[PDB]
Amino acid sequence: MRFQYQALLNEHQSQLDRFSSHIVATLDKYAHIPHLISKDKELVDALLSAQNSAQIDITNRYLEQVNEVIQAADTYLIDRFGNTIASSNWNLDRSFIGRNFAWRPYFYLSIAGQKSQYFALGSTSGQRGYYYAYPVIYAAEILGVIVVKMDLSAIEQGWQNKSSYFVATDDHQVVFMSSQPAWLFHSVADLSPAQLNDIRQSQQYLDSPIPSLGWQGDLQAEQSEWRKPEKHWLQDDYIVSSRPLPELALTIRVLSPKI
Ligand SMILES: [Ca+2]
Ligand SMILES: [Ca+2]
């Protein structure tokens, strides 16, 4: 079987190439949309007359149309103070209208004039998403931020292997996407109270308890093994190959049971 270990690592490299490709192709359908619509009349006019209900009506219906064309979860416009003033979900139970997101990194970074991206557990929706944001600029001034939130299903559904698993981990090794849903919002390895407090303060996963999956291993290695404490009652160990995707601040990992 060890006569098969290198071959498995080689196959892992191909799986990571194919999945990373799928991820990039899927995100590419949404990444440029905030810039595309950012200066559109409907968005700028709303930011300039945010308390004009007829204008907000026009802008809400436009964002709803855009959101349907791109098949995103939500597309919404935020003023320069962080308040959502128009949104594709204005007519849904999860309406973001009136909610303030100045505390979210995608708003903090984009109101400073740059494009930004982020992933999180949605605070109003309760749904995970990948977020792209872009500043709305008119007459050389930043007036607000436009955001597109993408549901993660098409990415997770692209993992079709039935003999291996994948997880996408953030910088604290918290599992944000996975082919095993039970591992979502758990860390790969134990975290200290201080680390858990930092995650909680960021609100990236809201108030989610972040339990530990308890694996041990070199989480910084491209090719490694994850094991449980010796003599533990379940030794579900794995051969694990990892591929960081810096732009996304996520590392993709493929896990194959060892033996
Ligand atoms: Ca435009
Ligand atoms: Ca084993």
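Below, all heavy atoms of this structure are taken into account, side chains as well, without hydrogens, waters or symmetry copies. All residue numbers refer to positions in the sequence shown, counting from 1. Indexing begins at 1, ligand by ligand and atom by atom, following the structure's order.
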Atom name, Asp40 (N, O or S, nearest to the Ca ion (ligand 1))
OD1
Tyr76 and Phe96 aromatic ring geometry - parallel, tilted or perpendicular at 30°/60° bounds
perpendicular
With respect to the Ca ion (ligand 2), what is the nearest N, O or S atom of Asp237?
OD1
Please check if any side-chain donor atom of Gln203 sits under 3.5 Å from a side-chain acceptor atom of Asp207, or the reverse.
yes
Measuring to the Ca ion (ligand 2), does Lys258 have an N/O/S atom at a distance below 3.0 Å?
yes
Are the aromatic rings of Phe107 and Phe101 close, with centres under 6.0 Å apart?
no
Parallel, tilted or perpendicular for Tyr238 and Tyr165, by the 30°/60° rule?
perpendicular
Which residue in the set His12, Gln13, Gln6 passes side-chain hydrogen bond (donor to acceptor under 3.5 Å, both in side chains) when paired with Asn10?
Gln6
Quick check on the Ca ion (ligand 1): does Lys39 put an N/O/S atom closer than 3.0 Å to it?
no
Please state whether the separation between the Ca ion (ligand 2) and some N/O/S atom of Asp236 is under 3.0 Å?
no
